[PDB]
Amino acid sequence: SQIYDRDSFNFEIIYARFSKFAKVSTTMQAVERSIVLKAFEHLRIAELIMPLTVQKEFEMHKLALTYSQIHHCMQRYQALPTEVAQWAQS
Amino acid sequence: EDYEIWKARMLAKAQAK
Amino acid sequence: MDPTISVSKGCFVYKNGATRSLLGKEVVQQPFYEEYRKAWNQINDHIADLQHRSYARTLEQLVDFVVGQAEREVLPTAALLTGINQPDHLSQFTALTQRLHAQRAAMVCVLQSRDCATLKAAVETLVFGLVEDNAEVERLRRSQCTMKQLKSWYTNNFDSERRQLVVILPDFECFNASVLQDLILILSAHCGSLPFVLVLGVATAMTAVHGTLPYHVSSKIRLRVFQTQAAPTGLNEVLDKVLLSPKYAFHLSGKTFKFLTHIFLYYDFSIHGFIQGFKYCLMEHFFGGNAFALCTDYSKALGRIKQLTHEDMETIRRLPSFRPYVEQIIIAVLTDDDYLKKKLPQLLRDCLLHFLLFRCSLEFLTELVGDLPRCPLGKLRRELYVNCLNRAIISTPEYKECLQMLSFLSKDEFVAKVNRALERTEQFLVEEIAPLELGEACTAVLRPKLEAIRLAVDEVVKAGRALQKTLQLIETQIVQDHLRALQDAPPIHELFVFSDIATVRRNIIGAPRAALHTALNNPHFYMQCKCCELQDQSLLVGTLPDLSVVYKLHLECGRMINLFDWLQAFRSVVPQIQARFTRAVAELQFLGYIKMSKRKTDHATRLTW
Amino acid sequence: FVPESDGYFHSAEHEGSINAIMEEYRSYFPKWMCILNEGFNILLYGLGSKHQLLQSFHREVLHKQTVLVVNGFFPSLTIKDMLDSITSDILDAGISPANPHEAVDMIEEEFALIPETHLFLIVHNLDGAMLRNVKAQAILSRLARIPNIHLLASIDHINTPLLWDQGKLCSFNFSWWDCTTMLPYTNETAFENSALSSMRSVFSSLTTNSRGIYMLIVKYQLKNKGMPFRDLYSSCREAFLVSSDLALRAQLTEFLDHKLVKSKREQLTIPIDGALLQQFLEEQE
Amino acid sequence: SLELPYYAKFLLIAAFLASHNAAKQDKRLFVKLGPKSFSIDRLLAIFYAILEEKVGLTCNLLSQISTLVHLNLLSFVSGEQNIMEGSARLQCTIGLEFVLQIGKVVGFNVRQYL
DNA sequence: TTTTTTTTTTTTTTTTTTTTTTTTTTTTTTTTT
DNA sequence: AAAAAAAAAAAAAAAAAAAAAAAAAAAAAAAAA
């Protein structure tokens with residue numbers, strides 16, 4: 001959302017952007033596609049992700065948060081590993 | 001072939017034995 | 001016009017004595033109808049018994065799952081991985097219901113996907129199914145059926161004694177997803193109140209259940225996966241134990257066997273479609289007259305000979321395998337009707353014994369070539385059955401390639417394979433041939449040939465040329481005589497095999513577009529006129545019908561069709577011509593070949609390309 | 001039949017012949033009774049109209065049986081009519097429930113209680129204009145599975161098995177028959193689903209003020225080779241043809257009632273070419 | 001472990017190639033994001049192009065199309081009321097690994113036609 | 001055996017839900033530059 | 001290839017038709033005498 005100026009996203013776009021990070025993380029090497037899909041579904045049913053109202057892995061979405069809420073979550077999270085905390089800055 | 005003409009030819013040759 | 005072409009109604013009732021065995025008695029008392037009924041009921045009961053013996057193990061597992069849930073919140077569910085052929089499956093579930101009504105372990109509701117368009121209809125169908133299942137084992141309205149009434153009914157009936165509440169969903173893929181998720185949430189909320197077991201009917205894979213059940217829904221799920229045996233395996237079992245069983249006198253030919261197995265293995269994995277195609281083949285065979293009613297065992301066929309009429313001998317005279325029996329002998333055969341009446345039982349026992357020796361020789365040769373690598377003739381009994389009824393098996397180069405590869409092995413593997421073949425053929429002769437009538441002469445003819453084979457094995461194990469002697473003796477006493485084709489068959493073998501394949505091919509597999517294409521390309525194939533003939537399929541002669549000319553005239557044009565040049569070219573080929581062209585474009589739009597586009601003032605688009 | 005895919009990617013004696021064809025197809029009727037006795041259904045898929053063949057089968061063979069003849073080519077047919085017909089007229093059980101699959105459940109439960117009571121149904125054009133949805137074919141395939149109910153049906157469209165899956169095709173235990181007559185589609189294509197003289201006949205019934213109003217519209221349309229509402233209202237008001245604006249809206253709604261001028265968004269375009277409007281303008285002089 | 005018939009396998013990989021492979025390129029590849037939609041005429045055209053046996057268009061083939069829709073291996077993005085009229089649009093709803101398994105058990109390479 | 005009371009079923013009337021018409025707004029196609 | 005109209009299609013509101021429920025009325029069964 002910060003790169004493409006709040007364009008609607010997808011499971012495949014976010015999974016590609018996550019899998020580019022998970023190859024060099026040395027902590028998230030062993031996550032499957034289905035576990036990240038279940039995590040995406042858990043974010044969807046908690047309404048941190050809302051549909052624009054297509055297959056489940058291809059339905060378009062919107063982020064229901066602001067950037068300041070995620071920036072405060074990065075400071076308030078307990079036992080956050082440093083790889084994720086460094087990936088959140090850039 | 002037809003069964004009628006084959007039966008007729010076989011019967012006629014059976015009379016020709 | 002007609003009485004039924006009314007402008008107001010669409011349906012017309014011709015009720016004659018209707019209130020709140022189609023044929024007459026003259027067709028049923030004919031012997032071929034009784035023989036066809038007996039043979040079809042025997043084959044259908046055998047196929048049903050085989051399917052029961054296939055399904056009984058997974059049935060016992062599901063019944064033990066329901067009982068072990070009863071001996072014990074998340075709800076216990078059980079994905080039953082069935083095949084893609086849905087109409088074969090529901091009857092299986094019915095059997096489970098009967099066993100669940102045997103031990104009084106549960107009562108079963110079945111939720112079809114047609115009844116569960118919404119959550120309200122799904123819950124109403126569930127409660128109504130459970131209440132009427134209890135009412136039928138030992139009436140609420142549609143809007144009255146609620147989960148509160150189910151809880152009160154279960155407290156009033158089965159809290160003093162617990163019956164599980166098994167909910168069977170036979171078509172898991174065809175459900176609405178949100179209705180299914182909310183139904184699983186509704187059933188999981190009432191755990192502890194009502195003991196629910198959820199049996200699923202998943203047809204594809206477990207990836208479908210893992211995809212359509214989200215995180216929060218599958219958090220309340222304790223599923224245990226069961227597996228059903230595959231539909232090609234069930235087909236091969238039915239073909240091994242029923243269609244090649246020696247105790248039926250009705251045989252299929254190689255081409256019809258290959259046609260039905262091609263329909264199964266290539267188009268649809270439906271065992272019921274195979275059963276109905278085989279029933280149509282058996283019906284089309286036995287519905288040729290009372291002469292084909294002799295296709296049973298020996299005593300009933302001898303009785304049917306003793307009751308036979310004159311026209312039945314006249315239609316067994318016309319079949320093509322009868323004439324070389326005449327030419328090999330004459331004045332009493334062709335017309336006198338009693339020489340054949342006393343000569344028939346020898347021919348009947350000859351064909352019966354030939355088919356029994358054919359089945360035994362097929363068993364011997366499929367054990368001999370079955371463990372061989374590279375399989376030039378096939379692995380199972382059925383492919384060898386097709387290749388052995390189709391053509392001369394020794395004149396085929398595949399048997400010579402088989403002999404070349406059997407000569408390339410050692411003596412130990414050859415000796416072990418022929419001993420396994422001897423033991424299997426003797427076991428098949430003692431188990432399945434021995435209770436069969438006219439089976440004593442079968443063993444008494446084929447067994448000294450097996451003694452010759454076994455003594456050849458004895459001389460090759462006592463002492464390279466004896467291996468070739470064993471191979472040529474296997475050829476000479478099994479493959480030559482007891483493994484003939486259908487062209488080298490005995491006399492009058494038509495009564496027992498069924499080779500009519502073009503009529504059955506037209507009447508089972510439906511090709512509407514082939515008939516429409518033929519009737520619009522050359523109407524001479526159907527009209528059979530002495531004027532509308534065509535040398536090639538695009539001549540466009542003047543004596544053609546109207547719609548054929550309009551179809552040929554729009555067939556060569558592009559995608560978009562104008563009314564003007566098409567009408568002018570139709571006038572160039574063939575007032576009332578405008579009414580005929582309006583009739584032609586109406587009939588050709590009626591078949592789906594073109595379409596008048598909406599407010600494109602005269603231009604019409606062809607939907608066929 | 002093999003259609004070639006590249007075209008998608010680059011984009012008298014006749015009467016006696018039909019009489020012999022119909023006698024040949026009338027020979028198949030005891031075979032059809034023997035086939036319908038064993039549980040199969042009959043499907044015909046020829047080119048020509050199979051209406052008369054099925055009607056002659058109903059007259060010559062099924063003369064005393066309970067026969068529900070359904071015209072699938074009827075554009076005002078619904079499944080409610082057929083199910084109300086079966087539940088009310090044959091079974092005497094009143095109106096069928098509004099859920100049609102529940103009505104088929106009721107029909108199966110009621111036909112289970114009456115064996116040796118066979119309902120034949122003859123559906124001309126099973127792919128008819130109101131049976132081309134999947135629900136109606138599901139209802140018809142569920143009806144065809146009942147051992148008391150027997151089915152004969154016609155097929156005319158080229159895309160018919162696109163709505164029969166393998167479950168419907170195992171419920172429809174069809175015996176396919178090539179009954180290709182050469183009869184034209186008179187009874188099937190006659191119904192509702194398949195001019196300057198009309199403009200003059202409508203203009204005959206106009207009054208004087210409506211004649212002047214349509215005269216102004218056609219004169220402006222032919223002068224400028226649609227027209228606005230304001231200049232039309234000023235043209236009707238300068239000639240004393242109208243009292244207010246709502247009477248012009250009433251007269252223009254009367255014109256749109258008869259399909260003479262077309263409203264657009266108010267643009268007023270007459271949907272006939274300029275040459276015939278020029279002939280009509282020269283017709284009054 | 002989804003067992004299918006032979007022509008159902010070929011129709012399924014033809015539907016995958018119809019949804020994936022960029023319908024402007026169909027003019028070149030056979031004549032000799034998201035899954036894009038297609039019509040059943042395009043599916044039958046690609047099926048006859050990649051089968052190279054030219055089987056008859058019987059009722060069982062279109063019944064296989066309807067029961068692959070029914071088994072949720074395909075879907076109906078558009079249409080569903082003009083299914084015979086040519087305006088119905090389908091979409092393929094499987095992945096690449098299943099198509100590669102089908103092409104391996106048949107012997108037909110999909111990556112050549114990809 | 002005849003009369004009166006209370007149950008049951010049918011028919012009518014009212015309410016609620018589903019379908020259909022109608023108006024508005026959007027939206028993909030078509031003509032002009 | 002873009003700007004702009006234009007007809008077709010979708011959304012939504014509003015009214016009617018049909019289904020369902022509830023009450024009134026008539027027929028039937030069982031008690032009163």
# chains A, B, ... in the order shown; residues from 1 in each chain; ligands from 1
>>> interface_residues(of="chain C", to="chain A", cutoff="9 Å", atoms="only C-alpha atoms", output="list in words")
residues 210, 211, 214, 215 and 216 of chain C
>>> write_last_selection(atoms="C-alpha atoms", output="mmCIF file, in the first residue's frame")
data_model
loop_
_atom_site.group_PDB
_atom_site.id
_atom_site.type_symbol
_atom_site.label_atom_id
_atom_site.label_comp_id
_atom_site.auth_asym_id
_atom_site.auth_seq_id
_atom_site.Cartn_x
_atom_site.Cartn_y
_atom_site.Cartn_z
ATOM 1 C CA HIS C 210 -9.126 -27.850 3.384
ATOM 2 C CA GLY C 211 -9.834 -25.021 0.945
ATOM 3 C CA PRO C 214 -11.755 -21.562 6.663
ATOM 4 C CA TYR C 215 -9.676 -21.075 9.806
ATOM 5 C CA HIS C 216 -12.522 -20.374 12.254
#
>>> residues_around(residues="residue 29 in chain A", least_positions_apart="4", cutoff="12 Å", atoms="only C-alpha atoms (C1' of nucleotides)", output="count of residues only")
9
>>> interface_residues(of="chain G", to="chain C", cutoff="12 Å", atoms="only C-alpha atoms (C1' of nucleotides)", output="NGL selection string")
:G and (7-8 or 20-21)
>>> residues_around(residues="residue 13 in chain E", least_positions_apart="4", cutoff="9 Å", atoms="only C-alpha atoms (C1' of nucleotides)", output="list in words")
residues 8, 9, 17, 18, 47, 99, 100, 102, 103 and 110 of chain E
>>> interface_residues(of="chain F", to="chain D", cutoff="12 Å", atoms="only C-alpha atoms (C1' of nucleotides)", output="number ranges by chain")
F: 17-18, 24
>>> interface_residues(of="chain B", to="chain C", cutoff="9 Å", atoms="only C-alpha atoms", output="VMD selection string")
chain B and resid 3 7 10 to 11 14 to 15
>>> residues_around(residues="residue 33 in chain G", least_positions_apart="3", cutoff="10 Å", atoms="only C-alpha atoms (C1' of nucleotides)", output="ChimeraX atom specification")
/F:2-4
>>> write_last_selection(atoms="C-alpha atoms (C1' of nucleotides)", output="short mmCIF file (atom, residue, chain, number, x, y, z; two decimals), in the first residue's frame")
data_model
loop_
_atom_site.label_atom_id
_atom_site.label_comp_id
_atom_site.auth_asym_id
_atom_site.auth_seq_id
_atom_site.Cartn_x
_atom_site.Cartn_y
_atom_site.Cartn_z
"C1'" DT F 2 -84.06 -36.90 18.50
"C1'" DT F 3 -81.46 -32.70 20.24
"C1'" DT F 4 -77.48 -30.21 21.67
#
>>> residues_around(residues="residue 83 in chain A", least_positions_apart="2", cutoff="12 Å", atoms="only C-alpha atoms (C1' of nucleotides)", output="PyMOL selection string")
chain A and resi 21-28+79-81+85-90
>>> select_by_dssp(residues="chain E", states="strand (DSSP E)", output="ChimeraX atom specification")
/E:38-39,74-78,89-92
>>> interface_residues(of="chain G", to="chain D", cutoff="10 Å", atoms="only C-alpha atoms (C1' of nucleotides)", output="ChimeraX atom specification")
/G:5-7,18-19
>>> write_last_selection(atoms="N, CA, C and O atoms (P, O5', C5', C4', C3', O3' and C1' of nucleotides)", output="PDB file, in the first residue's frame")
ATOM      1  P    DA G   5     -21.300  14.597 -25.568  1.00  0.00           P
ATOM      2  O5'  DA G   5     -22.381  13.522 -26.053  1.00  0.00           O
ATOM      3  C5'  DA G   5     -22.897  13.588 -27.375  1.00  0.00           C
ATOM      4  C4'  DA G   5     -23.173  12.202 -27.933  1.00  0.00           C
ATOM      5  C3'  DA G   5     -24.465  11.535 -27.453  1.00  0.00           C
ATOM      6  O3'  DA G   5     -25.018  10.797 -28.533  1.00  0.00           O
ATOM      7  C1'  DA G   5     -22.681  10.122 -27.014  1.00  0.00           C
ATOM      8  P    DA G   6     -26.584  10.451 -28.595  1.00  0.00           P
ATOM      9  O5'  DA G   6     -26.614   9.060 -29.383  1.00  0.00           O
ATOM     10  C5'  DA G   6     -25.498   8.173 -29.292  1.00  0.00           C
ATOM     11  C4'  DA G   6     -25.947   6.781 -28.886  1.00  0.00           C
ATOM     12  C3'  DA G   6     -27.326   6.718 -28.242  1.00  0.00           C
ATOM     13  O3'  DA G   6     -27.903   5.440 -28.476  1.00  0.00           O
ATOM     14  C1'  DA G   6     -25.754   6.011 -26.684  1.00  0.00           C
ATOM     15  P    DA G   7     -29.473   5.300 -28.784  1.00  0.00           P
ATOM     16  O5'  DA G   7     -29.719   3.722 -28.829  1.00  0.00           O
ATOM     17  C5'  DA G   7     -28.728   2.863 -29.366  1.00  0.00           C
ATOM     18  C4'  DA G   7     -28.265   1.839 -28.339  1.00  0.00           C
ATOM     19  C3'  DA G   7     -29.369   1.030 -27.652  1.00  0.00           C
ATOM     20  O3'  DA G   7     -28.919  -0.298 -27.487  1.00  0.00           O
ATOM     21  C1'  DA G   7     -28.046   2.042 -26.031  1.00  0.00           C
ATOM     22  P    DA G  18     -50.690 -14.843  -9.243  1.00  0.00           P
ATOM     23  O5'  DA G  18     -50.019 -15.788  -8.144  1.00  0.00           O
ATOM     24  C5'  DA G  18     -48.602 -15.883  -8.072  1.00  0.00           C
ATOM     25  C4'  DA G  18     -48.136 -16.327  -6.693  1.00  0.00           C
ATOM     26  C3'  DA G  18     -48.941 -17.457  -6.050  1.00  0.00           C
ATOM     27  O3'  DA G  18     -48.055 -18.333  -5.391  1.00  0.00           O
ATOM     28  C1'  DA G  18     -48.828 -15.657  -4.579  1.00  0.00           C
ATOM     29  P    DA G  19     -48.431 -19.878  -5.183  1.00  0.00           P
ATOM     30  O5'  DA G  19     -47.812 -20.220  -3.753  1.00  0.00           O
ATOM     31  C5'  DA G  19     -46.533 -19.717  -3.397  1.00  0.00           C
ATOM     32  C4'  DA G  19     -46.442 -19.423  -1.905  1.00  0.00           C
ATOM     33  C3'  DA G  19     -47.021 -20.486  -0.978  1.00  0.00           C
ATOM     34  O3'  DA G  19     -46.172 -20.614   0.136  1.00  0.00           O
ATOM     35  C1'  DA G  19     -48.022 -18.423  -0.510  1.00  0.00           C
TER      36       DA G  19
END
